[PDB]
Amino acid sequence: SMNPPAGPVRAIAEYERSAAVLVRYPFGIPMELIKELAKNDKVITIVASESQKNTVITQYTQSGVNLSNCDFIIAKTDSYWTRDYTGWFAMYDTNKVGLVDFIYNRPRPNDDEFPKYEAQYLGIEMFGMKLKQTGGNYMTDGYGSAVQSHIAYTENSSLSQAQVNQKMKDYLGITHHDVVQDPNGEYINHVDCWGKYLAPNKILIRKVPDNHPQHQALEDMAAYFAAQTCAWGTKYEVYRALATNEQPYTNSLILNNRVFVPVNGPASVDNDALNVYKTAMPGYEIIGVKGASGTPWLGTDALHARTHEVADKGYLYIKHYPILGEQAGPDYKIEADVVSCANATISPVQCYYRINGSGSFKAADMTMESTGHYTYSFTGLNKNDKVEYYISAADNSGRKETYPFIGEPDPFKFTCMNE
């Protein structure tokens, strides 16, 4: 249809549960990357025909790819930039997952048409947001914020900024459309070449040497996010990836509990960038990925550009705003909504917690106050006790999720003040 999705709407972040990753043949990525992806995750390869599917299968077979995780969509495409032209995922109507199409900002009509085939393959509804856009210039935090470079306005110049924001609100639930002047000074003007949310409370911003002409622009961008309160209420943790030679270190893919980071030398500088991700994202497997010689990584175009995560149409979604830092008390009550997009019975919903850093985490069942709305109150705590906690839910479709996604390795932390 030509109507927007039934609300409420919530755009899905890249670090939420993904059912798959979407890539295209003829390839722009190394076979070793496809192999590593398919070890743990479903890889959907776009091909133009049944014969082309079988050509790809032959190559996957030769390369030892886990075929059990290889799936295909038959559709014409102009390019391998699946980041930029495939559809955007959003929850809508409380418990549904939908796809949002847009006008691809390139003269690539097959790429532009592609989202309809994606929605058909996935069995989800598609909604048409009439803005000139590109996935490389889009990221959301999963809490209603999105960051884009200025082309989101300038390539939609027949609309006011207000009208652009309103389209993002209506189709994606974006209530904070953070559009900023691109700090990189190159043609492409995609956020994925300088910035990346790593979690709702973490953003990676590119850094360059002091004498690079964009040094100050990037420092100003880092400062802007560091001054900003995030969805969870704390200031963003701002991480920096140092590009000494225009390496595309921000152009990474977060797929479930792994992070694929393009690397292109020198080795020490690549390792420094991997180390930033490792520090920022405990519990994640951080993987450096060398480029293919025929389609190498570039400053403006690397791994993120040539992949697109795919949401789970049956997503078991946990909505939670954490209690963090110095908390007054005397009640320490957490609240979470849990929605099963599989329409499955949810049970159990638990708080896993640890007090003062010792032993194992302990499970307590949360109490369902009203439909889909769960709470839990931390009892018996003394002034200055430190709490680590995370939420865990399961449903009878077999799904199991934690909040945060990674769970126990990176729990929410607060301190009981009793004041």
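Residue positions are given as counts along the sequence shown, with the first one as 1.
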For the C-alpha atoms alone, is the average B factor greater in 151-159 or in 307-315, going by the entry?
151-159
Mind pulling up the entry and telling me whether 123-131 or 79-87 has the higher mean Cα temperature factor?
123-131
Residue, from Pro330, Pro200, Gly195, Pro322, that the PDB entry assigns the highest Cα B-factor
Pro330
Among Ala243, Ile74, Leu204, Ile286, highest Cα B-factor in the entry goes to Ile74
For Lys386, the third of its chain by CA B-factor is the middle
What third of its chain, lowest, middle or highest, does the C-alpha temperature factor of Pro404 fall into?
lowest
Binned into thirds over the chain's modelled residues, the C-alpha B-factor of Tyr143 lands in the lowest
Looking at the temperature factor on the CA atom of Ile46, which third of the chain's modelled residues does it land in?
lowest
Please say which third, lowest, middle or highest, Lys362 falls into when its CA temperature factor is compared across its chain.
highest
